[PDB]
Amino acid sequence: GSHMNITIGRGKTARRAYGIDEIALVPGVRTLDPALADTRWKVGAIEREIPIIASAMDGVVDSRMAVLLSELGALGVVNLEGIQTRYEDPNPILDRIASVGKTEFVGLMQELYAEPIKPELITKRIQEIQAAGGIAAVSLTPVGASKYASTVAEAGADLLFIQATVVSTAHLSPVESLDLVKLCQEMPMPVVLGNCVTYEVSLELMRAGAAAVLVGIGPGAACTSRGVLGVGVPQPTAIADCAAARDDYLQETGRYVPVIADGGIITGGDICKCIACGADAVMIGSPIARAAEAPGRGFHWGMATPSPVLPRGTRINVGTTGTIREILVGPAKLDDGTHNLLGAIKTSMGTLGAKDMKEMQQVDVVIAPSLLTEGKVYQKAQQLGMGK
């Protein structure tokens, strides 16, 4: 049920939800120098200068990437159910994924990801990241946590991400469902929970003890769950609803639970739109898969692509456009806002007069589908700038 009830037909209503591509940000009463724009966020006791997290996807984050992201002031999450924990040396496996043709990568991944997880590799990945001075953030599905959460705790990871395509505090197992309250209470580190798109679920995740909530179902560049299942709420609406839960939970308890907008982001402008709708940080995959150091070798695939029965992701060719440093902090060599993402955030905040991220969440927004079309006929035809 909802307080908004557009009529689909007799006895069936809906509410309008707006996508990243439908909104735009409006200047306020003042501008400010981009150098003054404060972009920090915080999860648990970990402060970060860059409000960006690399998705737990095998084309995006390996141990080296996690360290490079940590040194730049950002974060990267290693997926503990991917190739990194199933193979001692993932590089030959990543080589095969990148070289196979378009009609074959699904069947290949279904085979390669069938190799059983080695619990010892969970520990090693955590420890080799930390030994190199990086923040060790790792992800598990709810089922994975029931099996490997204690391994993560004993290894001493800095952050645990429990991430399912759609998560709730209430799950009807066929089997004991994962008790998220117990998990957050028992794990020695902060626990991030996702994904959701509704006020109701995000609030319950916060009440369960979440250190942050991941918002987004299916917006990702390599994700097909929306086509396979028909499930999803566009990001601006999802982010705003979950930010409202954050603010109500803060009022109730005094505890601040950051909201992370997860997926569907290509440009710095996409990031800024997500912050304006309430996000404290963003989780992105495809923009970082384009880094020279990315394990995907120019490819980027969803972690549900290898499902043996029902793939819900695909493998796309994103290419390689620069170093992870250039992508995050520049200098930008490109015209499309996919490099120097931090500089884009600070520049946008400057034009809008937002001194820090909380002020950025307060900027006025317009519904403006023409933002991406007005005057862009040449760019679209010639695949330049906003038309690439």
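Start at 1 and count along the sequence shown; that's the residue number.
Item to check | Interresidue gap class [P174, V175; deposited sequence, unmodelled] | outcome: Per the record, 1 to 3 deposited residues are absent between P174 and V175.
Checklist entry - Can you tell me which stretch has the higher mean Cα B-factor, 109-117 or 207-215? => result The stretch with the larger mean CA B-factor is 109-117.
Item to check | Given 261-269 and 125-133, the range whose Cα B-factors average higher in the PDB entry | outcome: Result of the comparison: 125-133.
Checklist entry - Taking the Cα B-factors listed in the entry, which of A281, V152, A240, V228 comes out highest? => result Most elevated C-alpha B-factor of the set, per the entry: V152.
Item to check | Residue with highest C-alpha B-factor in the PDB entry, from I53, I345, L68, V363 | outcome: In this record, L68 carries the highest C-alpha B-factor of the candidates.
Checklist entry - Going by what the PDB entry lists, where does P331 fall on CA B-factor within its chain: lowest, middle or highest third? => result Its C-alpha B-factor, which the entry lists for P331, ranks in the highest third among residues of this chain.
Next on the checklist: Taking only the Cα B-factors deposited for this chain, tell me whether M386 sits in the lowest, middle or highest third.
Outcome noted: Middle third of the chain for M386's C-alpha B-factor.
Item to check | Chain-relative CA temperature factor third for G9 | outcome: For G9, whose C-alpha B-factor we compare with every modelled residue in the chain, the answer is the lowest third.
Checklist entry - Going by what the PDB entry lists, where does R290 fall on CA B-factor within its chain: lowest, middle or highest third? => result Middle third by C-alpha B-factor.
Next on the checklist: Test of reading the entry: by CA B factor among the chain's modelled residues, which third contains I275?
Outcome noted: Ranked within chain, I275 CA B lands in the lowest tercile.
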